[PDB]
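Listing of coords_30.tsv; format and content: TSV, C-alpha atoms and all ligand atoms.
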```tsv
chain	number	residue	atom	x	y	z
A	1	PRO	CA	114.21	14.51	23.45
A	2	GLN	CA	112.22	16.14	26.25
A	3	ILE	CA	111.92	13.99	29.33
A	4	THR	CA	109.32	14.59	32.03
A	5	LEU	CA	109.87	13.54	35.65
A	6	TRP	CA	106.69	11.64	36.64
A	7	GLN	CA	108.81	8.46	36.61
A	8	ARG	CA	112.62	8.03	37.03
A	9	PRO	CA	114.41	9.45	33.94
A	10	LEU	CA	115.95	6.03	33.00
A	11	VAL	CA	117.63	5.69	29.62
A	12	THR	CA	119.67	3.06	27.85
A	13	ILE	CA	123.44	3.57	27.73
A	14	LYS	CA	126.06	1.60	25.83
A	15	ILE	CA	129.47	0.97	27.37
A	16	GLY	CA	132.09	-1.65	26.53
A	17	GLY	CA	129.69	-2.87	23.82
A	18	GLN	CA	126.98	-3.66	26.39
A	19	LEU	CA	123.64	-2.01	27.08
A	20	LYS	CA	122.72	-0.90	30.57
A	21	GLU	CA	119.88	1.17	32.08
A	22	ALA	CA	120.97	4.42	33.78
A	23	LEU	CA	119.44	7.40	35.56
A	24	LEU	CA	119.81	10.92	34.12
A	25	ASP	CA	120.77	12.66	37.34
A	26	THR	CA	121.19	16.45	37.52
A	27	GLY	CA	121.88	16.19	41.28
A	28	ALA	CA	125.01	14.08	40.63
A	29	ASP	CA	128.29	15.91	39.86
A	30	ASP	CA	129.74	12.66	38.55
A	31	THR	CA	128.71	9.56	36.59
A	32	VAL	CA	128.78	6.43	38.76
A	33	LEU	CA	128.09	2.90	37.48
A	34	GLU	CA	127.59	-0.41	39.29
A	35	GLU	CA	130.53	-2.83	39.43
A	36	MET	CA	131.83	-3.62	35.93
A	37	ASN	CA	135.04	-4.16	33.95
A	38	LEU	CA	136.59	-1.13	32.28
A	39	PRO	CA	139.91	-0.90	30.40
A	40	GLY	CA	143.03	0.98	31.51
A	41	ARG	CA	144.20	2.31	34.87
A	42	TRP	CA	142.03	3.75	37.61
A	43	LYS	CA	142.58	6.33	40.36
A	44	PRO	CA	140.97	6.59	43.80
A	45	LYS	CA	137.96	8.85	44.32
A	46	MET	CA	135.62	9.62	47.22
A	47	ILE	CA	132.08	10.72	46.50
A	48	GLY	CA	129.48	11.90	48.97
A	49	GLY	CA	125.90	10.75	48.86
A	50	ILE	CA	122.64	11.01	50.83
A	51	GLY	CA	123.92	8.31	53.21
A	52	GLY	CA	127.57	9.39	53.51
A	53	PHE	CA	130.74	8.83	51.45
A	54	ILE	CA	131.91	5.83	49.41
A	55	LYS	CA	135.18	4.87	47.70
A	56	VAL	CA	134.94	4.42	43.96
A	57	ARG	CA	137.32	3.61	41.11
A	58	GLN	CA	137.86	6.50	38.67
A	59	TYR	CA	138.34	5.67	34.97
A	60	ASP	CA	139.10	8.57	32.62
A	61	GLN	CA	138.37	9.03	28.92
A	62	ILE	CA	135.86	6.18	28.66
A	63	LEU	CA	133.60	5.87	25.61
A	64	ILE	CA	129.91	5.79	26.57
A	65	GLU	CA	126.77	6.36	24.52
A	66	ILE	CA	123.79	7.84	26.37
A	67	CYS	CA	120.34	7.67	24.87
A	68	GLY	CA	122.08	7.61	21.42
A	69	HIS	CA	124.49	10.50	22.13
A	70	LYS	CA	128.22	9.74	22.22
A	71	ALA	CA	130.37	10.92	25.12
A	72	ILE	CA	133.93	10.28	26.23
A	73	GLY	CA	134.70	11.09	29.84
A	74	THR	CA	135.16	10.05	33.42
A	75	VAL	CA	133.21	7.09	34.74
A	76	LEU	CA	133.33	6.09	38.40
A	77	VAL	CA	132.69	2.47	39.38
A	78	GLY	CA	131.46	1.37	42.80
A	79	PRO	CA	128.51	0.38	45.04
A	80	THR	CA	125.78	2.69	43.71
A	81	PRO	CA	122.06	1.74	44.03
A	82	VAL	CA	121.56	2.40	40.32
A	83	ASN	CA	123.71	3.40	37.34
A	84	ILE	CA	123.83	7.19	37.40
A	85	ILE	CA	124.69	9.63	34.57
A	86	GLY	CA	125.90	12.81	36.25
A	87	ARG	CA	126.60	16.36	35.10
A	88	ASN	CA	130.07	15.55	33.73
A	89	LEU	CA	128.37	13.58	30.89
A	90	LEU	CA	124.97	15.35	30.81
A	91	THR	CA	126.88	18.44	29.64
A	92	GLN	CA	128.59	16.38	26.90
A	93	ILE	CA	125.20	15.34	25.47
A	94	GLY	CA	123.80	18.91	25.62
A	95	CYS	CA	121.34	18.34	28.47
A	96	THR	CA	119.60	21.23	30.22
A	97	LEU	CA	116.74	21.68	32.70
A	98	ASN	CA	113.72	23.67	31.52
A	99	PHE	CA	110.52	25.02	33.08
B	1	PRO	CA	114.23	29.35	32.47
B	2	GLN	CA	116.73	27.07	30.80
B	3	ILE	CA	119.24	25.95	33.40
B	4	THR	CA	122.53	24.55	32.22
B	5	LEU	CA	124.46	21.78	33.90
B	6	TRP	CA	127.98	23.25	33.71
B	7	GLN	CA	127.41	23.98	37.43
B	8	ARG	CA	125.15	22.40	40.07
B	9	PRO	CA	121.57	23.59	39.24
B	10	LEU	CA	121.02	25.51	42.49
B	11	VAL	CA	117.94	27.69	42.81
B	12	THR	CA	116.27	29.75	45.55
B	13	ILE	CA	113.25	28.21	47.23
B	14	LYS	CA	110.81	29.59	49.78
B	15	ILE	CA	109.46	27.18	52.39
B	16	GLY	CA	107.94	27.71	55.85
B	17	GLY	CA	108.62	31.43	55.47
B	18	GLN	CA	112.36	30.80	54.95
B	19	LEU	CA	114.46	31.43	51.82
B	20	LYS	CA	116.93	28.62	51.04
B	21	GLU	CA	119.16	27.38	48.22
B	22	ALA	CA	118.34	23.95	46.82
B	23	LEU	CA	119.53	21.56	44.13
B	24	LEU	CA	117.20	20.64	41.22
B	25	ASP	CA	117.77	16.89	41.28
B	26	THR	CA	116.23	14.66	38.61
B	27	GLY	CA	117.89	11.61	40.25
B	28	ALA	CA	116.05	12.16	43.54
B	29	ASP	CA	112.64	10.48	43.90
B	30	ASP	CA	111.88	12.74	46.85
B	31	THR	CA	112.53	16.26	48.11
B	32	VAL	CA	114.91	16.26	51.08
B	33	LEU	CA	115.88	19.32	53.09
B	34	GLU	CA	118.44	19.92	55.82
B	35	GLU	CA	117.07	20.10	59.38
B	36	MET	CA	114.30	22.64	59.82
B	37	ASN	CA	110.87	22.99	61.37
B	38	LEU	CA	107.66	22.45	59.42
B	39	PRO	CA	103.99	22.68	60.46
B	40	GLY	CA	101.69	19.71	61.06
B	41	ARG	CA	102.00	15.93	61.27
B	42	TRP	CA	105.03	13.90	60.23
B	43	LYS	CA	106.10	10.28	60.19
B	44	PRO	CA	109.56	8.65	60.05
B	45	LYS	CA	110.97	7.35	56.79
B	46	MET	CA	114.26	5.89	55.56
B	47	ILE	CA	115.70	7.11	52.29
B	48	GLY	CA	118.70	5.64	50.62
B	49	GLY	CA	121.21	5.88	47.90
B	50	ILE	CA	124.90	6.51	47.55
B	51	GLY	CA	126.47	5.98	50.95
B	52	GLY	CA	123.47	4.11	52.41
B	53	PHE	CA	120.32	5.25	54.20
B	54	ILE	CA	119.32	8.12	56.46
B	55	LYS	CA	116.28	8.57	58.69
B	56	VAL	CA	114.11	11.55	57.84
B	57	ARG	CA	110.81	13.10	58.96
B	58	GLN	CA	108.11	12.98	56.28
B	59	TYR	CA	105.76	16.01	56.04
B	60	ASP	CA	102.88	15.84	53.56
B	61	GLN	CA	100.99	18.64	51.79
B	62	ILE	CA	103.72	21.26	52.25
B	63	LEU	CA	103.66	24.52	50.26
B	64	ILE	CA	106.92	25.39	48.50
B	65	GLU	CA	107.90	28.04	45.99
B	66	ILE	CA	110.66	26.93	43.63
B	67	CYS	CA	112.40	29.55	41.53
B	68	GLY	CA	109.13	31.51	41.65
B	69	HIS	CA	106.78	28.58	40.87
B	70	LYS	CA	104.37	27.38	43.55
B	71	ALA	CA	104.03	23.68	44.31
B	72	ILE	CA	102.60	21.46	47.05
B	73	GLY	CA	103.89	18.06	48.06
B	74	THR	CA	105.77	15.84	50.46
B	75	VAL	CA	108.94	17.24	52.03
B	76	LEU	CA	111.44	15.05	53.86
B	77	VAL	CA	113.64	16.64	56.53
B	78	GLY	CA	116.87	15.13	57.84
B	79	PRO	CA	120.68	14.91	57.65
B	80	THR	CA	121.14	15.45	53.90
B	81	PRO	CA	124.42	17.19	52.97
B	82	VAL	CA	122.52	19.52	50.56
B	83	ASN	CA	118.90	20.74	50.11
B	84	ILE	CA	117.43	18.64	47.28
B	85	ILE	CA	114.33	19.31	45.20
B	86	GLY	CA	113.27	15.89	43.91
B	87	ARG	CA	110.99	14.66	41.13
B	88	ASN	CA	107.82	14.85	43.31
B	89	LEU	CA	108.06	18.67	43.17
B	90	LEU	CA	110.00	19.06	39.88
B	91	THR	CA	106.96	17.72	38.00
B	92	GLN	CA	104.67	20.33	39.60
B	93	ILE	CA	106.66	23.26	38.20
B	94	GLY	CA	106.79	21.56	34.78
B	95	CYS	CA	110.52	20.83	34.86
B	96	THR	CA	111.87	18.66	32.03
B	97	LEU	CA	115.29	17.36	30.91
B	98	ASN	CA	116.07	18.35	27.31
B	99	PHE	CA	118.81	17.42	24.87
C	101	LIG	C1	112.71	5.16	49.24
C	101	LIG	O1	113.24	5.72	48.01
C	101	LIG	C2	114.54	6.03	47.92
C	101	LIG	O2	115.19	5.90	48.96
C	101	LIG	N1	114.98	6.44	46.72
C	101	LIG	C3	116.31	6.86	46.27
C	101	LIG	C4	116.33	8.34	46.03
C	101	LIG	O3	115.79	8.80	45.03
C	101	LIG	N2	116.98	9.10	46.92
C	101	LIG	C5	117.02	10.56	46.96
C	101	LIG	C6	115.80	11.04	47.76
C	101	LIG	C7	118.28	11.05	47.67
C	101	LIG	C8	119.55	10.83	46.84
C	101	LIG	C9	119.64	11.67	45.56
C	101	LIG	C10	121.02	11.50	44.90
C	101	LIG	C11	121.01	11.75	43.38
C	101	LIG	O4	121.24	13.09	42.92
C	101	LIG	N3	122.17	12.07	45.68
C	101	LIG	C12	122.10	13.38	46.39
C	101	LIG	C13	122.89	14.48	45.70
C	101	LIG	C14	124.23	14.72	46.39
C	101	LIG	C15	124.89	15.94	45.74
C	101	LIG	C16	124.05	15.01	47.89
C	101	LIG	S1	123.38	10.97	46.15
C	101	LIG	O5	122.65	9.46	46.40
C	101	LIG	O6	124.08	11.60	47.56
C	101	LIG	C17	124.60	10.95	44.96
C	101	LIG	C18	125.81	11.63	45.11
C	101	LIG	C19	126.82	11.61	44.15
C	101	LIG	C20	126.70	10.92	42.94
C	101	LIG	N4	127.68	10.90	42.01
C	101	LIG	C21	125.49	10.24	42.78
C	101	LIG	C22	124.48	10.25	43.76
C	101	LIG	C23	117.02	6.10	45.15
C	101	LIG	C24	118.27	6.79	44.61
C	101	LIG	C25	118.22	7.52	43.42
C	101	LIG	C26	119.37	8.14	42.93
C	101	LIG	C27	120.60	8.06	43.58
C	101	LIG	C28	120.67	7.33	44.76
C	101	LIG	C29	119.51	6.71	45.23
C	101	LIG	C30	117.21	4.60	45.26
C	101	LIG	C31	117.22	3.87	44.07
C	101	LIG	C32	117.41	2.49	44.07
C	101	LIG	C33	117.61	1.81	45.28
C	101	LIG	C34	117.61	2.53	46.47
C	101	LIG	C35	117.42	3.92	46.45
C	102	CL	CL	134.37	13.87	32.32
C	103	CL	CL	104.46	14.55	46.80
C	104	CL	CL	103.79	17.28	32.27
```

Take the structure from the file and write it as structure tokens.
Amino acid sequence: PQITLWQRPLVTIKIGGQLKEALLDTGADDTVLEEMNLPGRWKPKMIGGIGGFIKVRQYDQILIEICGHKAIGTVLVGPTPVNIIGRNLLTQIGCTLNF
Amino acid sequence: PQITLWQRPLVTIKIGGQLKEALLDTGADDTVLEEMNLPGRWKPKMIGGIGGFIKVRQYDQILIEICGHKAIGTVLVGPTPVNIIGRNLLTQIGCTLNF
């Protein structure tokens, strides 16, 4: 699809068999989701935001479907204001910016 | 142009007679620039997200040139770790997400 930016570019994602709403975020290097259960082990990660840095849990090789496109990659879990799909998965789904 | 997301989508902007590098950020509601001077009236504002909130100065009706496309809009100025072009100005240059 082609998504304009007059409103937040919110899409439905599917992860662990559940639907969530998430923001397609070209400013985010990484995908970060609100607290949830994910399978497997996690590793520590620090990410920097507008307000400073936070600690998050890093899960690798996680299956996630984004606006109907399947991806398998790194998902960080922690105290984010909204679920955010970052460049690590935007590239998997073939997303570009155009003007 | 078509800008891929393999790397941060950084472009050159011109604002207040200064050339700067800024991030095209579909996740950002607002445009936020590192500390700089701008003409005219401003009011304080808090903007938030990952990490928490920061206080910024809000300047309205500011001329900006983004990757050679002229726009006008609100520019926030404050302690952001990176110059961000948000949706308020992305729309004006006709920027879309495509996949
Ligand atoms: C008054 O209105 C607001 O304050 N709106 C919020 C908003 O747009 N804020 C933007 C001006 C500023 C944050 C834009 C945002 C993404 O690239 N970031 C900046 C880019 C990095 C590289 C510096 S960020 O918050 O630091 C970030 C960093 C890393 C990662 N993985 C994800 C996000 C907005 C938000 C949108 C997206 C991410 C974080 C916050 C928000 C939503 C819900 C509740 C509170 C605030
Ligand atoms: Cl990944
Ligand atoms: Cl505006
Ligand atoms: Cl349009």

Output as a VMD selection string the set of chain B residues within 7 Å of chain A, with distances taken over all atoms listed in the file.
chain B and resid 1 to 6 23 to 27 48 to 54 80 to 81 87 90 to 91 93 to 99

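Using all atoms listed in the file, the smallest distance between any of A:83, A:15, A:64, A:76 and residue A:44 comes from A:76.
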
Give the residue list for ligand CL 103 (chain C) at 9 Å, counting all atoms listed in the file, as a PyMOL selection string, sorted by chain and then by residue number.
chain B and resi 30-31+60-62+72-75+87-89

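Put simply, atom CA of residue B:20 is 22.8 Å away from atom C24 of ligand LIG 101 (chain C).
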
Suppose you want the space between atom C2 of ligand LIG 101 (chain C) and atom CA of residue B:66; what is it in Å?
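The value is 21.7 Å.
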